[PDB]
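One structure is given below, encoded as structure tokens.
All ligand and atom numbering here is 1-based and tracks the order in the structure. Letters A, B, ... mirror the listed sequences (proteins, then strands); counts begin at 1.
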Amino acid sequence: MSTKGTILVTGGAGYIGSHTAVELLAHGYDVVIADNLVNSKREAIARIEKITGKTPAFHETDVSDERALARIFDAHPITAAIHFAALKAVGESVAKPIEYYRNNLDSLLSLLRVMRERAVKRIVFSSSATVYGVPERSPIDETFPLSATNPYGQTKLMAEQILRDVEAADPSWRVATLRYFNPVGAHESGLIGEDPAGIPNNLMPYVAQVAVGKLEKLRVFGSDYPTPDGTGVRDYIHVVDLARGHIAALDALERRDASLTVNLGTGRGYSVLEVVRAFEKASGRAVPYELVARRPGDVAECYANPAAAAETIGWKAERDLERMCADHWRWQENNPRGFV
Amino acid sequence: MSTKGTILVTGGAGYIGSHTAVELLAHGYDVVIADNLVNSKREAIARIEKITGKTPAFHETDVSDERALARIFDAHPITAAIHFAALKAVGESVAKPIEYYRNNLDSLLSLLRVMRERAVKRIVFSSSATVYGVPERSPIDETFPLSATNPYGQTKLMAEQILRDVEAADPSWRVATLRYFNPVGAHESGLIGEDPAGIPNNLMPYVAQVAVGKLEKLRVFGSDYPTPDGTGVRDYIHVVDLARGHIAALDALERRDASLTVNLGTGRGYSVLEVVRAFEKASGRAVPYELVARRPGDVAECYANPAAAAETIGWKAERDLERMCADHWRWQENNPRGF
Ligand SMILES: NC(=O)c1ccc[n+]([C@@H]2O[C@H](COP(=O)([O-])OP(=O)(O)OC[C@H]3O[C@@H](n4cnc5c(N)ncnc54)[C@H](O)[C@@H]3O)[C@@H](O)[C@H]2O)c1
Ligand SMILES: NC(=O)c1ccc[n+]([C@@H]2O[C@H](COP(=O)([O-])OP(=O)(O)OC[C@H]3O[C@@H](n4cnc5c(N)ncnc54)[C@H](O)[C@@H]3O)[C@@H](O)[C@H]2O)c1
Ligand SMILES: O=c1ccn([C@@H]2O[C@H](COP(=O)(O)OP(=O)(O)O[C@@H]3O[C@@H](CO)[C@H](O)[C@@H](O)[C@H]3O)[C@@H](O)[C@H]2O)c(=O)[nH]1
Ligand SMILES: O=c1ccn([C@@H]2O[C@H](COP(=O)(O)OP(=O)(O)O[C@@H]3O[C@H](CO)[C@@H](O)[C@@H](O)[C@H]3O)[C@@H](O)[C@H]2O)c(=O)[nH]1
């Protein structure tokens, strides 16, 4: 077994967690994935093994079930946890706020209690730029005022508050909270990537499905924003860069003997139209679109100040927009219908 | 059936819940109480029946157990809920945040899930002046900035947010959020009242127990506050007035066909030493005290602007500090064993 660590990755069958499980295994950690497959497929776990040549432990477990979760700790000498498990569809969160609060807050609360009981005190938490609400300006740094405009954002704000209070009660806690911006792309092998259920809510999967022929036409949400081409601007970050950030975060908790909160982004914003043009160039496929009305709740612009992460955890985004598009496209083309 | 309504009162064996169940029953509502008795006794339910001559249904259930809660809805024609169920020890909330978040958030979320399932969409929620954090001034009105200094307060802020979101999801929801200040006193029968376990964290039960002689002397937390006598100033409100505010709230939800958020306070603050002095007069007993160091987290001064409640729900506090002390004292004397 590993002398580096044994990492419980909740939500590890999903998009970012699968990529993270890959990087952990590649760096010699032991990995235990807990995922109830509410938004992911079992075959993603097989593909993590096809990539790494290593078999992480897998438990098909609702992590809000403390009894079920404690049986995972019975079976494995967990040294730290990365908590990816959550529902994450904003539109759905507005429609079903109770389930979002229940799933997202109870899964965290359950983990925290089992960890406390088992004296495991190292946790990395998936937060979001959604905690910055309507930003006054970009680039956004960590000391910006926190608010949210949708229940999904609220679950992330409330999670961060819970984590602070848990450490306030037991100062032995070491928490890395990582506020991701807009992850896109896929492992360079093409063997894993994002596999949305149904019609994608997010930009790059929609673009990719237009490119492969699964969808007919991209809709661009709003063309009158206060941005150079009137379309929304976001900080797209390669999911492999994001996954490496998690190894950096764990090392930083160790070295610093202290909690940290840091943005994970590139610092460069791209408009919707810039993304489409980049994807067409990288893919060689057409992405026809139409300019339609703003989607309610969207901000004009949002991108990170990556400075804190560079200083605190020694991490920077490496892969550019072209590479994000190229790698997302390889996954889509080679897996036209997603996993199996 | 009551023609008025069948009200699910979660946490209804507790202090404010029991008083509110009494006012509901007396005003012709049917009442179903769900309480896991984590901070109250079954005897309280017998007392409600004694006071009122009516028999509320009672279910000894953890309201965060959605399955157990659904069985309650199965059995009763619930028209609205008033959610008092929570853990409320501020000090314990700092030491035990996971337990507070789990209890206070899951109980509400389970309730809201079941209510949506059964299409019951009227709720009154027990919030607190704690949501105002450290106020910039008093009287405090409802539009003051919200913040909290402990996990207990965080659970109230989070609850208020969850409730706004439930209505954003389904705009037929009607939510009366009521921010209580400092409830004190007891039903005038003396048959129910505040029954803390162990030594009381809050002012008046400690003063009442000092006056009766169960505790030797009152400790006063700080004497160097920017107040007239240097001790903390608070908006004390008679729990019977408070309970009455819940009936007003239910009615206003119907009238305005709109959600509301109001303070329930008197608008008048009294200092720690002013409470002591008034209790002495109503009880005819002495209350010895020692001036000690400030209690961390304690605010110098906090009292409500009662204007919005008066206008929005037609309610005002009637009972004065003298009445609060006399009623609290009657409970204390007649029930040395508590419940
Ligand atoms: N993708 C993004 O744009 C983005 C941006 C910021 C933050 N995040 C956060 O990052 C994390 C991962 O996002 P993702 O894109 O990988 O989404 P994802 O849906 O692919 O991954 C989440 C995984 O969690 C699982 N899960 C959900 N609830 C669970 C529960 N109760 N028990 C066990 N498993 C559960 C799902 O089945 C899924 O596999 C989430 O916390 C999300 O909120 C995502
Ligand atoms: N100073 C105050 O007393 C004050 C001020 C502002 C707000 N509040 C709020 O008013 C409400 C009632 O307060 P109170 O003074 O009557 O306290 P209380 O402890 O007497 O009443 C709360 C009741 O809820 C019950 N309960 C707790 N969790 C439960 C669960 N999961 N399922 C079923 N029952 C549960 C307890 O057994 C108790 O009987 C609480 O929500 C409290 O936070 C109180
Ligand atoms: O079909 C689409 C999808 C998106 N967009 C636009 O593309 C940009 C990116 O949107 P999307 O990929 O949906 O991400 P965001 O809305 O920036 O952020 C989503 O929502 C945030 C909460 O508001 C979450 O925190 C993130 O994880 C992310 O998924 C926005 O300007 C959208 O208006 C389109 O024009 N058409
Ligand atoms: O033994 C005591 C108890 C209280 N006080 C003082 O009396 C005042 C009232 O205190 P207490 O009765 O504890 O109420 P608060 O602290 O104002 O607030 C209570 O407790 C929470 C904050 O601590 C609030 O959110 C409410 O729930 C309320 O019950 C404060 O100035 C205290 O410093 C004393 O001097 N000695």
Side-chain angles (χ1 to χ4, degrees), chain A residues 10-19 34-40 44 61-65 83-90 103-104 106-107 110 125-131 148-150 152-153 155-156 178-184 194-196 200-207 218-222 225 231-234 236 239 264 271-272 275 289 292 294-295 297-300 302, chain B residues 88 90-91 128-130 150 152-153 156 180-184 199-207 218-222 225 231-234 236 271-272 275 289 292 294-295 297-300 302:
Chain A
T10 73
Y15 176 39
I16 311 170
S18 59
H19 283 84
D35 199 304
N36 69 354
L37 307 176
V38 71
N39 197 39
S40 52
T61 296
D62 179 350
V63 315
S64 73
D65 185 331
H83 188 62
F84 298 101
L87 303 172
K88 67 150 181 186
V90 169
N103 183 255
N104 290 2
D106 291 349
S107 64
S110 171
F125 176 65
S126 306
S127 191
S128 170
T130 196
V131 304
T149 60
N150 61 72
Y152 165 72
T155 72
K156 295 300 186 181
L178 306 179
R179 305 179 173 152
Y180 318 146
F181 279 62
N182 292 59
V184 291
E194 186 165 14
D195 192 9
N201 303 123
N202 289 280
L203 185 58
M204 194 150 292
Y206 209 109
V207 171
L218 196 242
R219 274 69 159 260
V220 177
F221 304 158
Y225 287 108
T231 69
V233 173
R234 300 293 184 265
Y236 298 100
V239 68
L264 296 187
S271 76
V272 179
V275 172
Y289 63 79
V292 302
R294 304 180 173 196
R295 170 215 255 163
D298 281 2
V299 296
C302 170
Chain B
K88 70 152 176 172
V90 162
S128 172
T130 199
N150 55 68
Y152 164 78
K156 296 307 190 176
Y180 318 150
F181 279 67
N182 294 56
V184 294
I199 132 261
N201 298 139
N202 54 336
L203 181 56
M204 229 195 274
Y206 208 110
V207 166
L218 207 229
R219 316 294 199 273
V220 181
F221 308 137
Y225 285 117
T231 71
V233 168
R234 299 292 191 269
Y236 298 101
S271 82
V272 176
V275 175
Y289 63 91
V292 72
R294 295 182 168 191
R295 246 215 323 220
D298 274 12
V299 148
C302 169

Within less than 4.0 angstrom of ligand 1, does A:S127 place any heavy atom? yes

Would you mind finding which of B:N182, B:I199, B:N202 brings a heavy atom closest to atom 19 (C) of ligand 4? B:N182

I would like to know whether A:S126 and A:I16 meet side-chain contact (heavy atoms from CB on, under 4.5 Å); could you show each step before the answer? CA-CA 9 Å; A:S126 306; A:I16 311 170; over 6 Å; no

Does the residue B:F181 have a heavy-atom contact with ligand 4, meaning some pair of atoms that are separated by less than 4.0 Å? no

Hey, which atoms in ligand 4 end up nearer than 4.0 Å to a heavy atom of B:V272? 6 (C), 7 (O), 8 (C), 31 (O), 35 (O)

Heavy-atom distance to atom 4 (C) of ligand 1: which of A:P183, A:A13, A:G17, A:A86 wins? A:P183

Heavy-atom distances under 4.0 Å are what count here, so tell me which part of B:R295 touches ligand 4: side chain, backbone, both or neither. side chain

Are any of the N/O atoms in A:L203 less than 3.5 Å from those in ligand 3? yes

Proximity flag B:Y152 to ligand 4, non-hydrogen atoms under 4.0 Å: yes

Check ligand 1 against A:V38 and write out every atom of the ligand that is under 4.0 Å from a heavy-atom position of the residue. 26 (N), 27 (C), 28 (N), 36 (C), 37 (O)

Quick check: does B:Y206 get an N/O under 3.5 Å from an N/O on ligand 4? no

Interfacing atoms of ligand 1 (cut-off 4.0 Å, heavy-atom, A:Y152): 7 (C), 8 (N), 9 (C), 42 (C), 43 (O)

Side chains of A:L203 and A:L218 in contact at under 4.5 Å (non-hydrogen atoms): yes

For ligand 1, is A:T10 a contact, meaning one of its heavy atoms is under 4.0 Å away? no

Within a distance under 4.0 Å of any heavy atom of A:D62, pick out the atoms of ligand 1 and give their elements. 30 (C), 31 (N), 32 (N)

Heavy-atom distances under 4.0 Å are what count here, so tell me which part of A:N182 touches ligand 1: side chain, backbone, both or neither. neither

Identity and separation of the nearest protein heavy atom to atom 33 (O) of ligand 4: B:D298 OD2, 2.6 Å

Looking only at protein heavy atoms, what sits closest to atom 44 (C) of ligand 1 is A:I16 CD1, 3.7 Å

A:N202 to ligand 1: N or O pair under 3.5 Å? no

With heavy atoms of B:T130 as the reference, note each atom of ligand 4 found under 4.0 Å away. 25 (O)

Part of B:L203 with heavy atoms under 4.0 Å of ligand 4, whether side chain, backbone, both or neither: both

Would you say atom 29 (O) of ligand 4 makes contact with the protein, given that contact here means a non-hydrogen protein atom less than 4.0 Å away? no

Using a strict 4.0 Å cut-off to heavy atoms of A:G14, name the atoms of ligand 1 that fall inside it. 20 (O), 21 (O), 39 (O)

Select one of side chain, backbone, both or neither to describe which atoms of B:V90 lie under 4.0 Å from any atom of ligand 4, heavy atoms only. side chain

Within-cutoff protein neighbour (heavy atom, under 4.0 Å) for atom 13 (O) of ligand 3: yes

Do ligand 3 and A:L218 have nitrogen or oxygen atoms that lie under 3.5 Å from each other? no

Within 6.0 angstrom of B:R219 CZ, more than 12 heavy atoms from elsewhere: yes

Any idea which atoms of ligand 3 are less than 4.0 Å away from a heavy-atom of A:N150? 23 (O)

Honestly, for B:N201 the part within reach of ligand 4 (heavy atoms, under 4.0 Å) is backbone

Give me the nearest non-hydrogen protein atom to atom 28 (N) of ligand 1 as residue plus atom name, then the distance to 0.1 Å. A:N103 OD1, 3.1 Å

Within-cut-off N or O pair, B:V233 and ligand 4, under 3.5 Å: no

Numbered atoms and elements of ligand 1 in range of A:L37, under 4.0 angstrom, heavy atoms: 37 (O)

With a sphere of 6.0 Å drawn around OH of B:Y289, does it hold more than 12 non-hydrogen atoms of other residues, nucleotides or ligands? no

May I ask you to check whether A:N202 has an N/O atom sitting below 3.5 Å from an N/O atom of ligand 3? yes

Under 3.5 Å, N or O to N or O, is A:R295 touching ligand 3 that way? yes

Min side-chain heavy-atom separation A:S107-A:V63 under 4.5 Å: yes

Who's the nearest protein heavy-atom neighbour of atom 32 (N) of ligand 1, and how far? A:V63 N, 3.0 Å

Return yes or no for this condition: an N or O of B:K88 is under 3.5 Å from an N or O of ligand 4. no

Atom 19 (O) of ligand 1: which protein heavy atom is closest, and how many Å away? A:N39 ND2, 2.9 Å

Test your reading of the model: is there a side-chain donor-acceptor pair from A:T231 to the backbone of A:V272, 3.5 Å cut-off? yes

Those atoms of ligand 4 less than 4.0 Å from some heavy atom in B:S128: 25 (O)

Please check whether B:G232 reaches ligand 4 - meaning an N/O of the residue sits under 3.5 Å from an N/O of the ligand, judged on distance alone. no

Protein heavy atom at shortest distance from atom 26 (N) of ligand 1: A:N36 OD1, 3.6 Å

Numbering as shown, the atoms of ligand 1 that approach A:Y180 to under 4.0 Å (heavy-atom distance): 6 (C), 7 (C), 8 (N), 10 (O)

Relative to the heavy atoms of B:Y236, which atoms of ligand 4 are at a distance of less than 4.0 Å? 8 (C), 9 (C)

At a 4.0 Å cut-off, with the gap strictly under it, does some heavy atom of A:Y152 reach an atom of ligand 3? yes

Proximal atoms of ligand 1 relative to A:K156 (non-hydrogen, under 4.0 Å): 41 (O), 43 (O)

For atom 40 (C) of ligand 1, the protein heavy atom that lies nearest, with its residue and separation: A:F84 O, 3.1 Å

A student comparing A:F125, A:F181, A:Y15 should find that the heavy atom closest to atom 5 (C) of ligand 1 comes from A:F181

How far is atom 1 (N) of ligand 1 from its nearest protein heavy atom, and which residue and atom is that? A:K88 NZ, 3.3 Å

Taking 4.0 angstrom as the limit and counting only heavy atoms of A:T130, give me the atoms of ligand 3 inside it, by number and element. 22 (C), 23 (O), 25 (O)

Would you say B:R234 and ligand 4 have an N/O pair spaced under 3.5 Å apart? yes

Atom indices of ligand 3, in the order listed, that fall short of 4.0 Å to a heavy atom of A:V272: 6 (C), 7 (O), 31 (O), 35 (O)

Under 4.0 angstrom from ligand 1, any heavy atom of A:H83? no

One should read off an interatomic distance between A:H83 NE2 and A:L178 CG, to the nearest 0.5 angstrom, of 13.0 Å

Looking at ligand 1, does A:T61 have a heavy atom less than 4.0 Å from it? yes

Residue-level breakdown please: for A:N201 versus ligand 3, do any non-hydrogen atoms fall below 4.0 Å on the side chain, on the backbone, on both, or on neither? backbone

I'd like to know whether ligand 3 has A:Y289 as a neighbour, heavy-atom separation below 4.0 Å. no

Identify the protein heavy atom lying closest to atom 38 (C) of ligand 1, giving its residue, its atom name and the separation to 0.1 Å. A:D35 OD2, 3.6 Å

Give the atoms of ligand 1, by number and element, whose distance to some non-hydrogen atom of A:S40 is under 4.0 Å. 37 (O), 38 (C), 39 (O)

